[PDB]
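Colleague: Attaching a single structure in structure tokens format; questions to follow.
2 protein chains.
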Amino acid sequence: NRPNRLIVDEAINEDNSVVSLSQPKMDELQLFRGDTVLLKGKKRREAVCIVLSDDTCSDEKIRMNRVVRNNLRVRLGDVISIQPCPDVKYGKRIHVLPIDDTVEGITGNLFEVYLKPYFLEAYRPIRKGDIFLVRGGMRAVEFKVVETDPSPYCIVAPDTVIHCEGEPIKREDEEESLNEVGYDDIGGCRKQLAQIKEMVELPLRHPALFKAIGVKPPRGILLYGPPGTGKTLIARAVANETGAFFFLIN
Amino acid sequence: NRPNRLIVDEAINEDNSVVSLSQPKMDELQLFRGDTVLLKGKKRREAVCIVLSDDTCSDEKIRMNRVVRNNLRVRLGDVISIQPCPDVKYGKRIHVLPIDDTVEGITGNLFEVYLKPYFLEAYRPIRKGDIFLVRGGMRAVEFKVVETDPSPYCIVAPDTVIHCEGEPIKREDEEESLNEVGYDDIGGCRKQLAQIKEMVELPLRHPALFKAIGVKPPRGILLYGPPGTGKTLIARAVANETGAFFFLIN
Numbered sequence: 021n022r023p024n025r026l027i028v029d030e031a032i033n034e035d036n037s038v039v040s041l042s043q044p045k046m047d048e049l050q051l052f053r054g055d056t057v058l059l060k061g062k063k064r065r066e067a068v069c070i071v072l073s074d075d076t077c078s079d080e081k082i083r084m085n086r087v088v089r090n091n092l093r094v095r096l097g098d099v100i101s102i103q104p105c106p107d108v109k110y111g112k113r114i115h116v117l118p119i120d121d122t123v124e125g126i127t128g129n130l131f132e133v134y135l136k137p138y139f140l141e142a143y144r145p146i147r148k149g150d151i152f153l154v155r156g157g158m159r160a161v162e163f164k165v166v167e168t169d170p171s172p173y174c175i176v177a178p179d180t181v182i183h184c185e186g187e188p189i190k191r192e193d194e195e196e197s198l199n200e201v202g203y204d205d206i207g208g209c210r211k212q213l214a215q216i217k218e219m220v221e222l223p224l225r226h227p228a229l230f231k232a233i234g235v236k237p238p239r240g241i242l243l244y245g246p247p248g249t250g251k252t253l254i255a256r257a258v259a260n261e262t263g264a265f266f267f268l269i270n
Numbered sequence: 021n022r023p024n025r026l027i028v029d030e031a032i033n034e035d036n037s038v039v040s041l042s043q044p045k046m047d048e049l050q051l052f053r054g055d056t057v058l059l060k061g062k063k064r065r066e067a068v069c070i071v072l073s074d075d076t077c078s079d080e081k082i083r084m085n086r087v088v089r090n091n092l093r094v095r096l097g098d099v100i101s102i103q104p105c106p107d108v109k110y111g112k113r114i115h116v117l118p119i120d121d122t123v124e125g126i127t128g129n130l131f132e133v134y135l136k137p138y139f140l141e142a143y144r145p146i147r148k149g150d151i152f153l154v155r156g157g158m159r160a161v162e163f164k165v166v167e168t169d170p171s172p173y174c175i176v177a178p179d180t181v182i183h184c185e186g187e188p189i190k191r192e193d194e195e196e197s198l199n200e201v202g203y204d205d206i207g208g209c210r211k212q213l214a215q216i217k218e219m220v221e222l223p224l225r226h227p228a229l230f231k232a233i234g235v236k237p238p239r240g241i242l243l244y245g246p247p248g249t250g251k252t253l254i255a256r257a258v259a260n261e262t263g264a265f266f267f268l269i270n
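If you read the sequences in order, they're chains A and B.
Going by the UniProt record's numbering, the first sequence opens with residue 21, and the numbers climb by one from there.
Going by the UniProt record's numbering, the second sequence opens with residue 21, and the numbers climb by one from there.
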């Protein structure tokens, strides 16, 4: 059934350009400790990252954060096809621009603050049309790659010309904002989210499952707790992670 | 950044014609024990006072009351440029006129009651356009320097003839009433004002910063204590001192 088709799960290493798999699964795919892979997903999108063995990971699941996950247009519980891409050479000219909803207030040398310490001997592989997030200046600023000289994908070299027009581009409809609330934005609810997610995993990801079976899915979930942890943020994150509709009643 | 540009801070000396500086700062700026200095600020205006040594004052700050503060049309935190002006000589004849909304109820010889004891061997350096305040007779009367013979600036000597044409003037737009509230009109609330100020200082003085930075400022502040302490007085003082708008809800 092709062992190259894996299920996207939560990541442990919160770095952008990195995917995590189990070592025994890496023994099946003949992969190495740091090979530039190629991730294909729904709606025909590719993303290039680096493979690292995560011992706490299962064989069927693959770890990746929200930044990479959204580039593949996939949610937690989807299947993606991974294949090694060793034909990646160093880049020359890379056209990149920030999004207007993340630079809405700040200005100046964004490169010195965000770009430079992000590729300072990092050799991160980026493909045309990708959106990477760099956290600096006490906020979050996203960038979308316009065009790279070794199109479509290439590895950023220390001798790579980084073009920056200085024009805050717009965000598209299908381009979900990384600035929203996800499971990587809530803590102190380890035991809670596990119970919550396993109650809303299947009935929200596969409606055909519960309608073809006699299992009765839950209709109401009550959250106790003192005002502080963020019960509002929990339900909001679930709807933005599973892709379900979100309508709040204050 | 020019070591002659300082920041206006709260005053210990409530005298109208005094500007307090730190000891080492006057050594860097070459100022004497009574040299008439020239202050410049926003809205392109000038003012003349007398520099003194303040041990409780810091190097990068300068103490001055609301009189000098309003004459430069600046608030606590604005930038001003101080410079030595040794070409200021004694005055000859000075024509000054009071404001209509500060004499309503009293009449007679204003010169002998307010003016004469106020400039009584004080050598106060006034300038055309300055608005100083004299308190006495269980009230407060505001005067505006209309015209001085040694234009523009001169020192009021106890031999200087002081003319009073007796003609009430209109109130200009940017002329904040000195009868209103300020940080120097409230007491007993030392640590209270200390906490309150630094909570609403930044978001009120620079809204642009918080709209650009990813830092959340306090939205709602509650004031405890028994009635009669002056709850409303504190709030209105902040708005009047920061230039921010004020709308009360009884």
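All C-beta atoms in this analysis are idealised placements derived from N, C-alpha and C, irrespective of residue type, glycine included.
1. Any beta-carbon of chain B closer than 8 Å to the one on A:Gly-125?
2. Would B:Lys-109 pass as an interface residue toward chain A - the criterion being a Cβ-Cβ separation below 8 Å?
3. By how many angstroms is the C-alpha of B:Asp-205 removed from the C-alpha of B:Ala-257?
4. I'd like the ranges of any alpha helix (DSSP H) spanning at least 4 consecutive residues and lying wholly in the stretch 114–149 of chain A.
5. In this structure, does DSSP put B:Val-94 in helix, strand or coil?
6. In chain order, what residues of the same chain lie with their CB nearer than 6 Å to the CB of B:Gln-43, ignoring the 5 residues before and after it?
7. Short check: CB of A:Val-201 to CB of A:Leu-96, under 8 Å?
8. Within 8 Å of any Cβ in chain A, is that where the Cβ of B:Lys-236 sits?
9. Which of helix, strand or coil does DSSP assign to B:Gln-215?
10. Return the CA-CA distance between B:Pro-23 and A:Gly-250, expressed in angstroms with no decimal places.
11. Tell me the residue span of the alpha helix (DSSP H) that contains A:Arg-65.
12. In terms of residue numbering, what span does the alpha helix (DSSP H) encompassing A:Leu-51 cover?
13. Got a sec? Which residues, its chain only, sit under 6 Å from B:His-183 by beta carbon, not counting five neighbours each side?
14. A:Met-158 versus chain B: which residues are under 9 Å apart at the beta carbon?
15. Quick check on the DSSP output: the alpha helix (DSSP H) that includes A:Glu-261 runs from which residue to which?
16. Can you tell me whether A:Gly-61 is buried or exposed? The criterion is at least 16 other CB atoms within 10 Å of its CB, across all chains shown.
17. Who are the Cβ neighbours of B:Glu-187 in its own chain at under 6 Å, not counting the five residues just before and after it?
18. Distance, Cα to Cα, B:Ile-82 vs B:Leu-58?
19. Taking the CB atoms as reference points, tell me whether A:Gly-111 and A:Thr-56 lie closer together than 8 Å.
20. With a Cβ-Cβ cutoff of 8 Å, do A:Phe-152 and A:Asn-33 count as a contact?
21. In this structure, how does DSSP classify A:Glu-192 when only helix, strand and coil are distinguished?
22. What residue from A:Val-220, A:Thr-252, A:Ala-259 has the CA that sits closest to A:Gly-240's CA?
23. What residue range is occupied by the uninterrupted alpha helix (DSSP H) comprising A:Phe-230?
24. Tell me where the beta strand (DSSP E) around B:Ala-160 begins and ends.
25. Name the two residues that bound the continuous beta strand (DSSP E) containing A:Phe-152.
26. Round the Cβ separation of A:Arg-147 and A:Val-38 to the nearest angstrom and send it over; I've been treating them as touching at under 8 Å.
27. My assumption, with CB atoms under 8 Å, is that B:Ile-119 sits in contact with B:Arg-191. Please give the rounded CB distance.
28. DSSP on A:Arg-210, reduced to helix/strand/coil?
29. Rounded to the nearest angstrom, how far is the Cβ of B:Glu-194 from that of B:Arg-93, given a contact under 8 Å?
30. Tell me, which residues are paired with A:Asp-29 by DSSP?
31. Compute the Euclidean distance between the alpha carbons of A:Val-176 and A:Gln-215, then round it to the nearest angstrom.
32. Just confirm the distance between the C-beta atoms of B:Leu-198 and B:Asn-90, as a whole number of angstroms; I'd bet it's less than 8 Å.
33. According to DSSP, is A:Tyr-244 part of a helix, a strand, or is it coil?
34. Quick one: give me the first and last residue of the beta strand (DSSP E) that B:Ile-269 is part of.
Modeller: Reading it off the structure:
1. Closer than 8 Å to some Cβ of chain B, the Cβ of A:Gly-125 qualifies, so yes.
2. no
3. 8 Å
4. Annotation note: the stretch 114–149 of chain A contains the following uninterrupted alpha helix (DSSP H) runs of length 4 or greater, listed N- to C-terminal: 136–139.
5. coil
6. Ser-73
7. no
8. no
9. helix
10. 49 Å
11. Segment 65–67 is the beta strand (DSSP E) holding A:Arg-65; no alpha helix (DSSP H) there.
12. Element bounds for A:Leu-51: n/a, residue is neither H nor E.
13. Around B:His-183: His-115.
14. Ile-233, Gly-234, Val-235
15. 251–261
16. buried
17. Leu-117
18. 13 Å
19. Cβ distance not < 8 Å, so A:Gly-111 and A:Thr-56 don't count as in contact.
20. no
21. A:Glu-192 falls in the coil class under three-state DSSP.
22. A:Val-220
23. 227–231
24. Per DSSP, the continuous beta strand (DSSP E) segment holding B:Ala-160 begins and ends at 159–168.
25. 151–156
26. Not a contact, Cβ separation roughly 15 Å.
27. 7 Å
28. helix
29. 6 Å
30. A:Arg-83
31. 41 Å
32. 7 Å
33. coil
34. Counting along the chain, B:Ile-269 falls outside any beta strand (DSSP E), and DSSP gives it neither H nor E.
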